[PDB]
Every structure is written in structure tokens, then in C-alpha cells.
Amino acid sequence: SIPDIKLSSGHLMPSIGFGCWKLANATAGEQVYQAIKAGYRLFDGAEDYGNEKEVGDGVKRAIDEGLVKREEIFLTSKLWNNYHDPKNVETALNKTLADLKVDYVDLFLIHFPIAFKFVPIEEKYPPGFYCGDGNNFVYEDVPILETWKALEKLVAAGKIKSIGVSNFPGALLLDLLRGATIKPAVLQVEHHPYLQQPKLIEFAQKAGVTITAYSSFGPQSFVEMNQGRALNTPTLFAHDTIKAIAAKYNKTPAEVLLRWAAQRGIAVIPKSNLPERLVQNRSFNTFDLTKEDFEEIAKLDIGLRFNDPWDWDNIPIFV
């Protein structure tokens, strides 16, 4: 049912996966397991999510029960900001591998083109915004390419199958493509009708980089974090454009939001604590948005970004 996408690395990646951000440690293992039973095969995690051990527990349970074999699960993780210095990259990957209880991750991404000062794992993990000095942000002078070469070596050592990046704007991705020996296979970015960045999508896809969309439901994911920008934003779920299209096909607004990306070759990783939403978030490929529908949804693009490092410490990633 779930179409696979061919990555530039020579490996297949499910076009629909299960998001793990803000999956409570207490119920994550069980929800990952239920997701596998519901047919999900790709799991989008990260060291920063702090629940990789639980994600691993869920996968290991499914494997121990004979529902799936390791090779049938696509595990994505992300290298956090404090670990860009080459000498720390493998250490961070090792922690991820140990927590996930596996020998390799299918996809490992540079979480952000941001290098926080290294913080020893036994000092605090996941470190979040901690940089070794109270609440102050401290950075390291590690160019992206240095981190990328450390990742390329880990691919050669068999610990990572495919490598890619997240939160990279066009000029940065373009430059990485110039110095990379193993081209980044995936660009994972915030993508929803309020932030469509059509030119980025076009450039990346023309360059052979697969797009994975995150926060496909826009502000939704951020309101529980009490983010003001998101709370002030009208939901996509109650938006007249999305609702009119959903009604026309007799689909849910969530299905239209996910299909709007899937139909354009963009991979999705919807997240949900609700069992009822598992099947739904993975079975939306039952109708086709017309040229007209796309023109209508295109009108909602306003460049509204919910995940912006500028908010953390005026980091100029998207400026």
C-alpha cells in the first residue's frame, strides 16, 4: 500500500512514515509497536527527541514477535547540534545505535546546520539547547562539510545506509552538493500550505534529493508546546480552502493535507498519539488533487515558519 521512494543512495524509503517527536517516553514503545502493526515501516526519530530507546523497544518487540525483520524497518535518526565536530559524530551515532538496539540506521540527518559546543553525553543527554554554560548558547567553528565527511566515513563503515540533511535552505544545500562525495539523499524541511517554499522543493527534486516534509499539519504540532506564533495561527484543519477540498472528495482535511505533499513526490511522517489516527494517516492515497485544487492551496503560502532557530538565539539559518 505505501509507495517506496528510490533514494540517490540506492536504497528504498517508505513515502509514509511515523513521526516520533513529542512521543512521550512512557507510551512511545507501545505506540511504535502499534504503528508497526498498523503497517508503518519507517520511523522518524532523533537524538533530540529523547525517546530513541523506547522507539527501539517498540521495534525490537515487533521483531521478536516475528511481525517484521530488521531489514523491513527503515530507521531515521538525526545528529544533534552539539555533535558536529568530526571527533564527536561517531560517538553520537553510537549512542543512537545503542538506544535503538541496532547495528545501523537507515537514514542519519544533520538535524540543523548549527554547531553547538560539545557537551559530554554523561553530562546531559539529550542536551537540547544546553551548551555547557548555564542557559547561554555557545557554538563551535565546524563547517558543515567537516561534519558531512565524518558522516560519509560512517556510511563506509556500514553504520549508516543513507545520509542527508534537515533544515537546510537552498544556498546551503547547493554548497554541500559541491563538496559532498556521497550526495545528501534527503532534505527534510518544514512543509505545509503556510510554508510551501516551492522553489526549494523544485531545486532539490531536480537535483535528485528526496524531500521529506515535517509538520505537515502546520501549527498543530506546536500549540501543545505553547508556542505563541502557532496559537495565533488559524488551523489548516478549519481553513475553508482545505475543508472545501476535503468535502468535494469526501476525505478529511488531514488526508488532503497529507495528499497535497504525497502527490508531489514528497515523503511524509505524520505524528500521532492516537491509535485511531494511525491507519488514517497512512491510507490517504485514495484521490487525486486536480490542477485547480493545487492552485487553491497554493494561495495559502505566506512563508509562515513555526520551527525557526532565529527564535532560539537569532541564529540566521532562514534569513
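Heads up: residue numbers just count along the shown sequence, starting at 1.
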Stretch with higher mean Cα temperature factor, 54-62 vs 262-270, is 54-62
Per the PDB entry, mean CA B-factor is higher for 22-30 or 284-292, namely for 22-30
Among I121, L172, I242, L200, highest Cα B-factor in the entry goes to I121
Among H84, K159, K78, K248, highest Cα B-factor in the entry goes to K248
In terms of its chain's C-alpha B-factors, the third that includes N226 is the highest
Temperature factor at the Cα of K183, chain-ranked in thirds, falls in the highest
Quick tally, chain-level thirds of C-alpha B-factors: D311 sits in the middle
On the chain's distribution of Cα B-factors, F137 falls within the third called highest
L304: C-alpha B-factor third of its chain, per the entry, is the lowest
